[PDB]
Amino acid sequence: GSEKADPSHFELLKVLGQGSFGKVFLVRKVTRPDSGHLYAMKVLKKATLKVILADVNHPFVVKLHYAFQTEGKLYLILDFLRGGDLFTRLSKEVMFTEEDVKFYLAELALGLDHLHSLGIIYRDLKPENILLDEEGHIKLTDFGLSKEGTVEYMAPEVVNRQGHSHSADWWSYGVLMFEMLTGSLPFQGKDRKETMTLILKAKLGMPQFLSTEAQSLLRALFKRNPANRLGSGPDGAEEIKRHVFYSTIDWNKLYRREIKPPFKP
């Protein structure tokens, strides 16, 4: 359905970022029916193709519009998210209010659970990989790998190479929450090794300015044992979505992007 596609059909505007899997540019399609439309083009020097799902249809996951392999490298044409990533915003703001964190985390909860339903494990969860559109809603990017990074976000079972189910994502989700809420990481040492050891002990001091609801959610997510971590069934993501922390969230309208974002790009 997207095969007369060609790299000549897109003019290069600039470079959005340097990925580990490849470079990503801002491009403008030059051919109908979407001439003039802006997209993000990810170039991969490796190769595949197949009809590691990169084509996910969900309001909070970056959409793939085109995919063509021309001259060895593979070109992926994705949504262009105007707002940039959450890491940049966090760096400037130094920390978000619980209101802002609740919104971002609620939308992410849906995005994550969806990927999980497709059997995908979002291994690289962190603010750098969460983009904002022009309205302020979020979109998860740089995902896919099922059969399989930033140490500070690694779950204990991943550090100890004991396993890596979707449960590890919920731990990372907890690290994201803590970092957005405090401006700092829960577990961090002077080097990679010490950080891993700190993660394994999982000893965490709760900053006193966090709401009791925020605190209990974090405690429920930071369970060293994947089996007892929030999100590990039986009701899956629902047990996290039904947590008192998100009591004021209408997941139906959220899915429909009816809830207005706190920050407007």
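One rule holds for the numbers: they count along the sequence shown, beginning at 1.
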Next item on the list: Answer yes if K45 is missing coordinates in at least a third of the other compared entries, and no if every one of them models it.
Entry: yes
Item checked: Unresolved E194 in a third or more of other entries flanked by modelled residues -> no
Next item on the list: Pick one of none, 1 to 3, 4 to 9 or 10 or more for the number of deposited-sequence residues not modelled between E148 and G149.
Entry: 10 or more
Check: Residues with no coordinates between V51 and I52 in the deposited sequence, how many: none, 1 to 3, 4 to 9, or 10 or more?
Finding: 10 or more
Notebook entry, point to check: Which of the two stretches, 215 to 223 or 23 to 31, shows the higher mean Cα temperature factor in the record?
Noted result: 23 to 31
Item checked: Residue range whose averaged C-alpha B-factor is higher in the record, 242 to 250 or 10 to 18 -> 10 to 18
Item checked: Peak C-alpha temperature factor (PDB record), options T197, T70, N228, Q208 -> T70
Notebook entry, point to check: With respect to the C-alpha temperature factors reported in the PDB entry, which of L108, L181, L74, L131 ranks highest?
Noted result: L74
Next item on the list: Rank-wise, by C-alpha B-factor, drop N160 into the lowest, middle or highest third of its chain.
Entry: middle
Next item on the list: Taking the values exactly as deposited, rank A40 by C-alpha B-factor within its chain and report the matching third: lowest, middle or highest.
Entry: lowest
Checklist line | Where the record places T141 (Cα B-factor, split into thirds across the chain) | finding: highest
